[PDB]
Amino acid sequence: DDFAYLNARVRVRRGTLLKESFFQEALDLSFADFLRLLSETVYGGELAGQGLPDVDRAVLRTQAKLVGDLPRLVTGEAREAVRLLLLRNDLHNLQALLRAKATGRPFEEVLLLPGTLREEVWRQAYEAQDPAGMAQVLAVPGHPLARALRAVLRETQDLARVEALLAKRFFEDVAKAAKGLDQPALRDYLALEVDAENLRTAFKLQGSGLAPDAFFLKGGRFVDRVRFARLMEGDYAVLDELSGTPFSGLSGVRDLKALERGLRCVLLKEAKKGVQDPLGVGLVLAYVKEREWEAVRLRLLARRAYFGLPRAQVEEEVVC
Amino acid sequence: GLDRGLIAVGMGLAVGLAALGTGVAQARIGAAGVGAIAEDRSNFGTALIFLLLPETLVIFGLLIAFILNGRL
Amino acid sequence: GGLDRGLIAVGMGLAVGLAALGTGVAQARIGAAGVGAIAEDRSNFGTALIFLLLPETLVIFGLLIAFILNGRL
Amino acid sequence: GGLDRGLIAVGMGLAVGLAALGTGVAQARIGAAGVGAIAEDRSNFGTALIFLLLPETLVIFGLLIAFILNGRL
Amino acid sequence: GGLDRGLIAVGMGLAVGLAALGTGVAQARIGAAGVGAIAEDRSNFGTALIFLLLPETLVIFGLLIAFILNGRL
Amino acid sequence: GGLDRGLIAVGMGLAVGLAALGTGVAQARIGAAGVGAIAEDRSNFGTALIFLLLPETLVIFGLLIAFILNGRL
Amino acid sequence: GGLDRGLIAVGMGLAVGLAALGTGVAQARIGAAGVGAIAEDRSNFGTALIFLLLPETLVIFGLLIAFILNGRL
Amino acid sequence: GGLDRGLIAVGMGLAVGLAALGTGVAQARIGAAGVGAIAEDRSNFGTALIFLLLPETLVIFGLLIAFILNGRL
Amino acid sequence: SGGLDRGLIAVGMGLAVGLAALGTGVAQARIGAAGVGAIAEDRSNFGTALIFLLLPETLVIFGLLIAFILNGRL
Amino acid sequence: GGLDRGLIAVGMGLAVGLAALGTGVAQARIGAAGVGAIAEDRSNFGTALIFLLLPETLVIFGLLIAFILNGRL
Amino acid sequence: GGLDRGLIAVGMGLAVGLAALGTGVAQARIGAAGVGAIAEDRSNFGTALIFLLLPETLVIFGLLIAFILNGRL
Amino acid sequence: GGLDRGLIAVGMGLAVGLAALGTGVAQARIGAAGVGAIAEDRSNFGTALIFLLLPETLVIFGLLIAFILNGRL
Amino acid sequence: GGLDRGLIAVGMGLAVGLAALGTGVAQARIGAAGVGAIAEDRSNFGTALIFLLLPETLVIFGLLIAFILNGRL
Amino acid sequence: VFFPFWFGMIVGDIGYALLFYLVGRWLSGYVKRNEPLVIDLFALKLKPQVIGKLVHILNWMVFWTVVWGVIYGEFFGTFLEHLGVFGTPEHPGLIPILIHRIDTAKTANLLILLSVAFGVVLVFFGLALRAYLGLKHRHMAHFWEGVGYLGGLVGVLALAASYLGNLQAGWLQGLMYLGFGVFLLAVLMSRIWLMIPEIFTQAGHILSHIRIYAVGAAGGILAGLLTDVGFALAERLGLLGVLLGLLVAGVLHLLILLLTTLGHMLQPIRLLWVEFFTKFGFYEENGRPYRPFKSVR
């Protein structure tokens, strides 16, 4: 309910993160110094042994203990405004369970990283004669999936076109739920994120030539239908046309890797602006997206430290 | 005998409006207290002491009320 | 002389009503967080009721001031 | 009688109305969280109605003050 | 001569209007959560209407005080 | 005489306008959630209109008090 | 006959202004959600106008009370 | 003359000012959503102006009440 | 040559001007907030942000209209 | 006199104070977004100053009314 | 003639109550952020009690003016 | 004197108090954004000072009006 | 004494209480952001205190006007 | 040199001083026992050297609250009722009182002038010290800001004391000449702008020293009224339920002790921390903390 109560805890946790000199000095070592440097910080509270599954289980467990708490601890408008940040995990778990039900491989097949829902709902939500019953037992009240899966459930029971329209319905529903209340720093963020999402969808669907307007959504502002079509077909002056927007140094980029690098950098830049609002929802946004940037950069530095990769392979991926 | 009522409406205004002030305070402080208790049981005493700290408002309101009563 | 009974009565009613407004503003968010805690689990029922019924002190003080004015009446 | 009946009446009416405002403010957030808790599941009906019919102690105190003001009239 | 009826009239109108304000503030958030729960699904309609009609107790109490005050006249 | 006929009008006005404020506050959040539910689909129409047209009972009670007050004078 | 027509005029003006404040509070959030639904898609024009023009009933009620007070004046 | 002129003046002033407050509270959120819809695309200049100039029916009604009272002067 | 009119018409004028001032202040708060947000995004929506900020000053020129009407018929 | 100067004084003070409250409500949100746009970059300085210093038209109009009242004091 | 003691006492009560509302509004959000810093780790104890006890200047300034008024009463 | 000086006193007091409320409303959000910009980095000190000390123009206007009223006393 | 001494005192106390309400509104949000910035690390103390206690000029201005009115009688 | 002497002017009860002396002898016995102080309710664990420093500040504070309980003349609130130990002419029993502090016609103007006078001394000492530190490092903007705030503040104070205080508008107007001339000279020979809005808050900081007399009168007449209600309604109603009224007034007196001595202990030190320390700077570049070779031992 109260934004300041959650914001105090989030500012305490933002007081404890990893600096730049950490990975700048962890850019050249041999994975034992990595275990050494992670023995001290707050990610070492769950580090059991040594090796790659230990480090991955430690990062996932500390992120679930340190990030998955803030969807709780408030009740009402505050949780309705803070739950729409860390909700990609629930979509990934739900589509994994959807393809597992549509495949036939057993229910203990997937690993099911934690999102925002307790896993007893997942254990109960595999056996249902009607997939509407699965969406009903999945339904916590104001949830976006609880009103999106039953929205695009109105064709069949279990298909893959259902999953594609589930993804599109999820994106437009999260954007509409951002528009449906008053947070002046989260509506613009989710609009810019879903603009990034369908832009990189158009980049990773180049060359095919299939109907783009069935894939293009609404909720972004920097792109429209004609830029989406002329970006799916191969001329990239339209990608050079985007100036004035925060897509600033991103011009003339063709391959998927440099594209997604630039999009992740501009998302973390525009999401670090959230200290502009030290009372509302901007600060917990600037905590959570900085935390996931730090987590995935820690993971990539772990991979380099273990496998002895050159630092020239990683130097471009700590640029922001 | 004309001003004998207006001292009492001043008394009642002080009592009610200071009660409003510490109600506004105890709203957010008790919301944070119930959130901390719903997290764990181990924050009981801190929730009670932060909740009972803004009663300064109403005991000062009772001070003003008993001033205006002791005059009358 | 007149114009005293009505004015001590409007002081009485204003005190009771405005203290009721104060504890209403308190119990709004306190009971909201309480119902959220109850919807999370049933274990914390008695602590939710004691944090909800702590601001009855406001209105028993308001009724104290009202009954002091009425005994003066 | 005279003028004092009107002023004790506006004190009584102000008490009733302002205490009603207090418990309406108190019931807004609690009713919102209670409807959300019913939307979770249908098991928590009785606790929702007891947290919603708790703060009408305010208005029965307001009706008490109103009926005592009528009793002094 | 006398100024009784006008001042009891402004007391009556102030009581009714201010009680209406309080129950409007209550039904705002209660109906917001109710329309959310119904637009989720229609399986909780009677409970949504009983939570919305629960703050009409405020209105009928306020009109009870209004008619007691009119019957005093 | 020439003020008792006058004060009932500010009583009637502070009844009706303040009850109008109450039901406007009541209609605000319900209208917002109803336009959101229509923005989902154009099928939750009847429930949105019934939740919006429910809290005008406040102002029909306010006009009841107004016309009773005019029935006095 | 001193203050009679002035006091019934300030009752009239207070009624009109306060009902105006009520429907301003309603039309704020209703027009916000309406412009949001229009900026989403154009086909929600009729529902936005019916939900926005529904709370002007409060100000036509206030004008009804105003014209009755002008008629008695 | 005497006592009437100033009191109908404060009646007119209260009506105009309070209706201005009502439509300002409306145009706050309506213009906020309108500026957001302008910032999304330039094809909302034809809907933000109609939804923003719709709630000045409030203040033309308020100036109608003011000029009716000024004619009653 | 009133003895009470001269003050009470003045509190009427002051109440009208002050309360209409509060009305357009509450409007221009959120409208200017979204305007400064859209200008901080790009330096292109300047004229439309100025026209939406200066559109609710109709309220205060109406308040000054009522004030000077009461000043004329004083 | 004993009644002219005091009531034109409370009119002058009410106009100045309430216009100050209006432009304080405006400058709150506009200054918050201006400090934010400064915290992004120093290239949005002049527009932040012009949007912050626009709503003091309110209080120069308020002092215009106050000094017209001083000229007719 | 006798309009001195009651009016200086209602000035006293108004100052005390309104300053009390001021520091309640302050301590609400400050104590909320204080408990939000306390319940994470218990090392922010004194550096939250300083911020909670900081706004207690307001009621004692109101009490200063109250005790001066009691000295003149 | 008599009724004169008391009413010019409540005029000047209402002016300074209500303008102080206005600039407190402004400095709330501007100081919150300023503390946020300082806690980001310590190079925002001059701009946070100039935006927090800008809306004191309201209260130097209010003290100007109060000293004019004390002069005309 | 008469009406003079009574009304200058409420013009004093209204100013004190209402300026205190203004600085409570300011220090609420500024203390929230200050407790935040301290709860990050114990390094922003010398800037959180100066940004927190910049708004106390309002209540010393209220006490200034109050002492002017105290010496005025 | 200042803070216990201000806290004496806050708390002028000999009974509060005796209770502080009791908890001080308890706490000095606790450092005699050499135990680290622990409480898990507050998670407060701390070493006995800090606790010995707390003994020292408590003794050096309780002397000034004894002497300002003598001068203000209040024993445990008001136990001068039965034994008239403090001499007012309305009931002269014993040795006289210097200032009564319960009424305001005798007290308030003198105490409020002295409460402003301490702020005058404090703020002028702070601005003179900032001018000294600007003169030291050969950095001139600090010198100009110090002399400008000093001149503007003494000019505003002289104009206030002349045109809103007493008569004799002849002598102080040359001091207004000097003060505003120095202020304009500083702003011209400075170009360090936005000092002009600061001088209003600067007068705010020299004038915000009312709060020592404010909480002094608040806590003083609050304790006096509580012991007045208890003592009167115990003695003159029943004469043998006097222990009932005595212990309920005692427990409510200790309740308001425990519930607001934190606040009116905190008020003088925030007065120092947000007037005097921030006048001469003290909030720039954070210094650098001296930590030696530890050898933790």
# chains A, B, ... in the order shown; residues from 1 in each chain; ligands from 1
$ calpha_fit_and_write --fixed "chain H" --moving "chain J" --output "mmCIF file with N, CA and C atoms, in the first residue's frame"
data_model
loop_
_atom_site.group_PDB
_atom_site.id
_atom_site.type_symbol
_atom_site.label_atom_id
_atom_site.label_comp_id
_atom_site.auth_asym_id
_atom_site.auth_seq_id
_atom_site.Cartn_x
_atom_site.Cartn_y
_atom_site.Cartn_z
ATOM 1 N N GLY J 1 -29.293 47.886 0.087
ATOM 2 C CA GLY J 1 -29.318 47.487 1.482
ATOM 3 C C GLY J 1 -27.936 47.284 2.069
ATOM 4 N N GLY J 2 -27.887 46.863 3.329
ATOM 5 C CA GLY J 2 -26.624 46.617 3.995
ATOM 6 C C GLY J 2 -26.348 45.148 4.230
ATOM 7 N N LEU J 3 -27.299 44.297 3.849
ATOM 8 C CA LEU J 3 -27.181 42.855 4.044
ATOM 9 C C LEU J 3 -27.559 42.035 2.820
ATOM 10 N N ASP J 4 -28.370 42.567 1.906
ATOM 11 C CA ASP J 4 -28.767 41.827 0.715
ATOM 12 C C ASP J 4 -27.588 41.646 -0.229
ATOM 13 N N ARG J 5 -26.966 42.764 -0.621
ATOM 14 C CA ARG J 5 -25.984 42.763 -1.700
ATOM 15 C C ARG J 5 -24.725 42.003 -1.307
ATOM 16 N N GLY J 6 -24.330 42.096 -0.037
ATOM 17 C CA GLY J 6 -23.133 41.403 0.407
ATOM 18 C C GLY J 6 -23.280 39.897 0.393
ATOM 19 N N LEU J 7 -24.433 39.405 0.824
ATOM 20 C CA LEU J 7 -24.578 37.970 0.964
ATOM 21 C C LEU J 7 -24.912 37.325 -0.375
ATOM 22 N N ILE J 8 -25.615 38.037 -1.269
ATOM 23 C CA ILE J 8 -25.709 37.520 -2.635
ATOM 24 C C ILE J 8 -24.360 37.598 -3.344
ATOM 25 N N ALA J 9 -23.483 38.519 -2.930
ATOM 26 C CA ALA J 9 -22.150 38.573 -3.509
ATOM 27 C C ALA J 9 -21.297 37.395 -3.069
ATOM 28 N N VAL J 10 -21.372 37.024 -1.789
ATOM 29 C CA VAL J 10 -20.565 35.886 -1.352
ATOM 30 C C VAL J 10 -21.153 34.589 -1.899
ATOM 31 N N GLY J 11 -22.465 34.553 -2.165
ATOM 32 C CA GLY J 11 -23.031 33.405 -2.859
ATOM 33 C C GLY J 11 -22.540 33.283 -4.291
ATOM 34 N N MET J 12 -22.497 34.410 -5.010
ATOM 35 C CA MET J 12 -22.006 34.432 -6.387
ATOM 36 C C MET J 12 -20.538 34.023 -6.464
ATOM 37 N N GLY J 13 -19.711 34.613 -5.598
ATOM 38 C CA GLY J 13 -18.298 34.288 -5.580
ATOM 39 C C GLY J 13 -18.014 32.862 -5.165
ATOM 40 N N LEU J 14 -18.814 32.322 -4.238
ATOM 41 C CA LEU J 14 -18.625 30.945 -3.810
ATOM 42 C C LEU J 14 -18.972 29.977 -4.931
ATOM 43 N N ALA J 15 -20.054 30.260 -5.671
ATOM 44 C CA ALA J 15 -20.444 29.410 -6.795
ATOM 45 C C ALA J 15 -19.374 29.392 -7.878
ATOM 46 N N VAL J 16 -18.881 30.578 -8.262
ATOM 47 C CA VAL J 16 -17.883 30.666 -9.329
ATOM 48 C C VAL J 16 -16.582 29.987 -8.917
ATOM 49 N N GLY J 17 -16.098 30.281 -7.702
ATOM 50 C CA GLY J 17 -14.835 29.714 -7.260
ATOM 51 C C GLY J 17 -14.883 28.208 -7.094
ATOM 52 N N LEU J 18 -15.983 27.691 -6.550
ATOM 53 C CA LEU J 18 -16.009 26.272 -6.252
ATOM 54 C C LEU J 18 -16.270 25.452 -7.519
ATOM 55 N N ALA J 19 -17.019 26.008 -8.484
ATOM 56 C CA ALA J 19 -17.138 25.355 -9.785
ATOM 57 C C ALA J 19 -15.812 25.362 -10.534
ATOM 58 N N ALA J 20 -15.030 26.433 -10.367
ATOM 59 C CA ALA J 20 -13.699 26.473 -10.958
ATOM 60 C C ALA J 20 -12.795 25.402 -10.361
ATOM 61 N N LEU J 21 -12.911 25.169 -9.050
ATOM 62 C CA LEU J 21 -12.137 24.105 -8.412
ATOM 63 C C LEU J 21 -12.544 22.733 -8.927
ATOM 64 N N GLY J 22 -13.846 22.531 -9.146
ATOM 65 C CA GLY J 22 -14.310 21.255 -9.676
ATOM 66 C C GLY J 22 -13.765 20.950 -11.060
ATOM 67 N N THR J 23 -13.861 21.920 -11.972
ATOM 68 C CA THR J 23 -13.348 21.617 -13.301
ATOM 69 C C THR J 23 -11.824 21.666 -13.361
ATOM 70 N N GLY J 24 -11.156 22.281 -12.378
ATOM 71 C CA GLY J 24 -9.711 22.160 -12.310
ATOM 72 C C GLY J 24 -9.278 20.768 -11.897
ATOM 73 N N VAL J 25 -10.008 20.169 -10.947
ATOM 74 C CA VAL J 25 -9.761 18.781 -10.555
ATOM 75 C C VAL J 25 -9.978 17.839 -11.737
ATOM 76 N N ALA J 26 -10.997 18.106 -12.561
ATOM 77 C CA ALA J 26 -11.215 17.264 -13.744
ATOM 78 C C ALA J 26 -10.113 17.446 -14.792
ATOM 79 N N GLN J 27 -9.819 18.704 -15.145
ATOM 80 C CA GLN J 27 -8.848 18.984 -16.192
ATOM 81 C C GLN J 27 -7.431 18.598 -15.814
ATOM 82 N N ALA J 28 -7.127 18.424 -14.521
ATOM 83 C CA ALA J 28 -5.813 17.922 -14.116
ATOM 84 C C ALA J 28 -5.515 16.551 -14.722
ATOM 85 N N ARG J 29 -6.335 15.551 -14.389
ATOM 86 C CA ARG J 29 -6.084 14.197 -14.872
ATOM 87 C C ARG J 29 -6.352 14.073 -16.366
ATOM 88 N N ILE J 30 -7.376 14.774 -16.875
ATOM 89 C CA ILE J 30 -7.664 14.652 -18.302
ATOM 90 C C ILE J 30 -6.565 15.307 -19.137
ATOM 91 N N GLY J 31 -6.013 16.430 -18.671
ATOM 92 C CA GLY J 31 -4.915 17.050 -19.380
ATOM 93 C C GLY J 31 -3.621 16.276 -19.274
ATOM 94 N N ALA J 32 -3.404 15.574 -18.154
ATOM 95 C CA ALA J 32 -2.224 14.719 -18.042
ATOM 96 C C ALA J 32 -2.266 13.585 -19.062
ATOM 97 N N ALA J 33 -3.404 12.887 -19.146
ATOM 98 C CA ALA J 33 -3.521 11.819 -20.139
ATOM 99 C C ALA J 33 -3.541 12.363 -21.565
ATOM 100 N N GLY J 34 -4.019 13.596 -21.756
ATOM 101 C CA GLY J 34 -3.993 14.192 -23.082
ATOM 102 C C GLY J 34 -2.593 14.550 -23.543
ATOM 103 N N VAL J 35 -1.778 15.111 -22.643
ATOM 104 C CA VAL J 35 -0.375 15.384 -22.952
ATOM 105 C C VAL J 35 0.371 14.083 -23.224
ATOM 106 N N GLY J 36 0.020 13.015 -22.500
ATOM 107 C CA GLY J 36 0.616 11.715 -22.788
ATOM 108 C C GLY J 36 0.249 11.161 -24.156
ATOM 109 N N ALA J 37 -1.028 11.267 -24.535
ATOM 110 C CA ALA J 37 -1.451 10.793 -25.851
ATOM 111 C C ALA J 37 -0.884 11.649 -26.977
ATOM 112 N N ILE J 38 -0.628 12.933 -26.717
ATOM 113 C CA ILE J 38 0.097 13.751 -27.686
ATOM 114 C C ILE J 38 1.548 13.301 -27.785
ATOM 115 N N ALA J 39 2.164 12.971 -26.643
ATOM 116 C CA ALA J 39 3.556 12.527 -26.625
ATOM 117 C C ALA J 39 3.738 11.183 -27.318
ATOM 118 N N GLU J 40 2.683 10.370 -27.389
ATOM 119 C CA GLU J 40 2.724 9.206 -28.269
ATOM 120 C C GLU J 40 2.711 9.629 -29.734
ATOM 121 N N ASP J 41 1.653 10.320 -30.154
ATOM 122 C CA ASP J 41 1.497 10.714 -31.547
ATOM 123 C C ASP J 41 0.628 11.960 -31.639
ATOM 124 N N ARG J 42 0.704 12.625 -32.789
ATOM 125 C CA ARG J 42 -0.105 13.803 -33.068
ATOM 126 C C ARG J 42 -1.442 13.459 -33.708
ATOM 127 N N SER J 43 -1.813 12.182 -33.737
ATOM 128 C CA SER J 43 -3.079 11.758 -34.317
ATOM 129 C C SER J 43 -4.189 11.634 -33.285
ATOM 130 N N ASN J 44 -3.884 11.846 -32.009
ATOM 131 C CA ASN J 44 -4.875 11.874 -30.940
ATOM 132 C C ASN J 44 -5.035 13.284 -30.385
ATOM 133 N N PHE J 45 -5.031 14.276 -31.271
ATOM 134 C CA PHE J 45 -5.084 15.676 -30.878
ATOM 135 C C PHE J 45 -6.516 16.148 -30.655
ATOM 136 N N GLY J 46 -7.400 15.872 -31.617
ATOM 137 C CA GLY J 46 -8.771 16.349 -31.520
ATOM 138 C C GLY J 46 -9.547 15.709 -30.385
ATOM 139 N N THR J 47 -9.299 14.423 -30.129
ATOM 140 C CA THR J 47 -9.967 13.779 -29.005
ATOM 141 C C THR J 47 -9.427 14.273 -27.668
ATOM 142 N N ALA J 48 -8.140 14.629 -27.604
ATOM 143 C CA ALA J 48 -7.594 15.197 -26.378
ATOM 144 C C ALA J 48 -8.186 16.572 -26.108
ATOM 145 N N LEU J 49 -8.374 17.368 -27.164
ATOM 146 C CA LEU J 49 -9.014 18.669 -26.990
ATOM 147 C C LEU J 49 -10.487 18.537 -26.622
ATOM 148 N N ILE J 50 -11.202 17.550 -27.176
ATOM 149 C CA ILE J 50 -12.622 17.468 -26.837
ATOM 150 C C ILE J 50 -12.810 16.917 -25.423
ATOM 151 N N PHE J 51 -11.937 16.016 -24.965
ATOM 152 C CA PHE J 51 -12.040 15.587 -23.578
ATOM 153 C C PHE J 51 -11.529 16.631 -22.597
ATOM 154 N N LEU J 52 -10.623 17.516 -23.013
ATOM 155 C CA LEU J 52 -10.219 18.584 -22.110
ATOM 156 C C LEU J 52 -11.258 19.697 -22.046
ATOM 157 N N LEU J 53 -11.936 19.991 -23.153
ATOM 158 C CA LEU J 53 -12.905 21.078 -23.193
ATOM 159 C C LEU J 53 -14.329 20.624 -22.912
ATOM 160 N N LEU J 54 -14.552 19.330 -22.674
ATOM 161 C CA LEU J 54 -15.856 18.910 -22.163
ATOM 162 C C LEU J 54 -16.162 19.440 -20.755
ATOM 163 N N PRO J 55 -15.307 19.308 -19.729
ATOM 164 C CA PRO J 55 -15.749 19.708 -18.386
ATOM 165 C C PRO J 55 -15.776 21.207 -18.113
ATOM 166 N N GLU J 56 -15.703 22.086 -19.112
ATOM 167 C CA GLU J 56 -16.017 23.491 -18.876
ATOM 168 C C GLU J 56 -17.508 23.787 -18.991
ATOM 169 N N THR J 57 -18.325 22.752 -19.232
ATOM 170 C CA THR J 57 -19.760 22.840 -18.986
ATOM 171 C C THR J 57 -20.052 23.211 -17.540
ATOM 172 N N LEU J 58 -19.208 22.731 -16.619
ATOM 173 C CA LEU J 58 -19.280 23.068 -15.202
ATOM 174 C C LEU J 58 -19.261 24.568 -14.972
ATOM 175 N N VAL J 59 -18.282 25.251 -15.549
ATOM 176 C CA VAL J 59 -18.100 26.658 -15.244
ATOM 177 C C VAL J 59 -18.944 27.559 -16.141
ATOM 178 N N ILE J 60 -19.415 27.069 -17.292
ATOM 179 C CA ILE J 60 -20.435 27.883 -17.950
ATOM 180 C C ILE J 60 -21.766 27.775 -17.199
ATOM 181 N N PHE J 61 -22.035 26.641 -16.539
ATOM 182 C CA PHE J 61 -23.179 26.582 -15.628
ATOM 183 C C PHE J 61 -22.958 27.448 -14.391
ATOM 184 N N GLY J 62 -21.718 27.504 -13.905
ATOM 185 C CA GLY J 62 -21.415 28.345 -12.759
ATOM 186 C C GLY J 62 -21.586 29.822 -13.056
ATOM 187 N N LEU J 63 -21.137 30.260 -14.232
ATOM 188 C CA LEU J 63 -21.380 31.636 -14.638
ATOM 189 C C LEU J 63 -22.838 31.881 -14.997
ATOM 190 N N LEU J 64 -23.583 30.842 -15.385
ATOM 191 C CA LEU J 64 -25.026 30.995 -15.550
ATOM 192 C C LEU J 64 -25.706 31.289 -14.219
ATOM 193 N N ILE J 65 -25.324 30.566 -13.164
ATOM 194 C CA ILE J 65 -25.851 30.854 -11.829
ATOM 195 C C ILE J 65 -25.396 32.232 -11.351
ATOM 196 N N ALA J 66 -24.140 32.590 -11.636
ATOM 197 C CA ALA J 66 -23.611 33.889 -11.229
ATOM 198 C C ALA J 66 -24.324 35.039 -11.930
ATOM 199 N N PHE J 67 -24.673 34.862 -13.199
ATOM 200 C CA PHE J 67 -25.346 35.934 -13.914
ATOM 201 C C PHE J 67 -26.852 35.941 -13.689
ATOM 202 N N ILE J 68 -27.453 34.819 -13.282
ATOM 203 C CA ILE J 68 -28.804 34.875 -12.727
ATOM 204 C C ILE J 68 -28.801 35.656 -11.419
ATOM 205 N N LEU J 69 -27.768 35.460 -10.597
ATOM 206 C CA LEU J 69 -27.641 36.257 -9.381
ATOM 207 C C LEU J 69 -27.337 37.719 -9.677
ATOM 208 N N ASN J 70 -26.648 38.003 -10.780
ATOM 209 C CA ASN J 70 -26.441 39.387 -11.194
ATOM 210 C C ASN J 70 -27.739 40.002 -11.705
ATOM 211 N N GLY J 71 -28.557 39.212 -12.401
ATOM 212 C CA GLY J 71 -29.848 39.700 -12.852
ATOM 213 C C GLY J 71 -30.826 39.918 -11.719
ATOM 214 N N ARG J 72 -30.641 39.211 -10.609
ATOM 215 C CA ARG J 72 -31.422 39.432 -9.398
ATOM 216 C C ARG J 72 -30.513 39.999 -8.308
ATOM 217 N N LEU J 73 -29.649 40.936 -8.682
ATOM 218 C CA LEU J 73 -28.689 41.443 -7.719
ATOM 219 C C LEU J 73 -29.324 42.595 -6.961
#
$ select_by_dssp --residues "region 148-290 of chain N" --states "helix (DSSP H, G or I)" --output "count of residues only"
109
$ closest_atom_pairs --of "chain I" --to "chain L" --cutoff "12 Å" --atoms "only C-alpha atoms" --output "tab-separated table"
residue	atom	partner	partner_atom	distance
I:7	CA	L:7	CA	10.7
I:10	CA	L:11	CA	12.0
I:11	CA	L:11	CA	10.2
I:14	CA	L:11	CA	11.3
I:18	CA	L:18	CA	11.0
I:21	CA	L:22	CA	11.9
I:22	CA	L:22	CA	10.0
I:25	CA	L:22	CA	10.7
I:26	CA	L:25	CA	11.6
I:29	CA	L:26	CA	10.3
I:33	CA	L:29	CA	11.8
$ closest_residue --among "N:9, N:161, N:169, N:188" --to "residue 141 (chain N)" --atoms "only C-alpha atoms"
N:188
$ decode --residues "region 38-45 of chain B" --atoms "N, CA, C and O atoms" --output "mmCIF file, in the first residue's frame"
data_model
loop_
_atom_site.group_PDB
_atom_site.id
_atom_site.type_symbol
_atom_site.label_atom_id
_atom_site.label_comp_id
_atom_site.auth_asym_id
_atom_site.auth_seq_id
_atom_site.Cartn_x
_atom_site.Cartn_y
_atom_site.Cartn_z
ATOM 1 N N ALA B 38 3.747 -9.247 9.584
ATOM 2 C CA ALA B 38 3.454 -10.247 8.566
ATOM 3 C C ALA B 38 4.714 -10.792 7.910
ATOM 4 O O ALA B 38 4.677 -11.893 7.351
ATOM 5 N N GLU B 39 5.826 -10.053 7.961
ATOM 6 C CA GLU B 39 7.103 -10.640 7.569
ATOM 7 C C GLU B 39 7.577 -11.653 8.606
ATOM 8 O O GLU B 39 7.755 -12.836 8.299
ATOM 9 N N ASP B 40 7.782 -11.209 9.846
ATOM 10 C CA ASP B 40 8.238 -12.105 10.900
ATOM 11 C C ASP B 40 7.646 -11.686 12.239
ATOM 12 O O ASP B 40 7.213 -10.547 12.421
ATOM 13 N N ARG B 41 7.649 -12.625 13.186
ATOM 14 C CA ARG B 41 7.211 -12.316 14.542
ATOM 15 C C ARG B 41 8.237 -11.469 15.288
ATOM 16 O O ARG B 41 7.863 -10.695 16.177
ATOM 17 N N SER B 42 9.507 -11.547 14.905
ATOM 18 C CA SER B 42 10.632 -10.943 15.622
ATOM 19 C C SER B 42 10.654 -9.406 15.585
ATOM 20 O O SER B 42 11.623 -8.835 16.102
ATOM 21 N N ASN B 43 9.681 -8.700 15.022
ATOM 22 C CA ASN B 43 9.656 -7.244 15.031
ATOM 23 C C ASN B 43 8.452 -6.726 15.808
ATOM 24 O O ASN B 43 7.815 -5.746 15.425
ATOM 25 N N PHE B 44 8.140 -7.386 16.924
ATOM 26 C CA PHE B 44 6.962 -7.038 17.712
ATOM 27 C C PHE B 44 7.193 -5.776 18.534
ATOM 28 O O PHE B 44 6.400 -4.826 18.466
ATOM 29 N N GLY B 45 8.290 -5.747 19.296
ATOM 30 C CA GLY B 45 8.537 -4.630 20.194
ATOM 31 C C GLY B 45 8.817 -3.330 19.468
ATOM 32 O O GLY B 45 8.377 -2.261 19.903
#
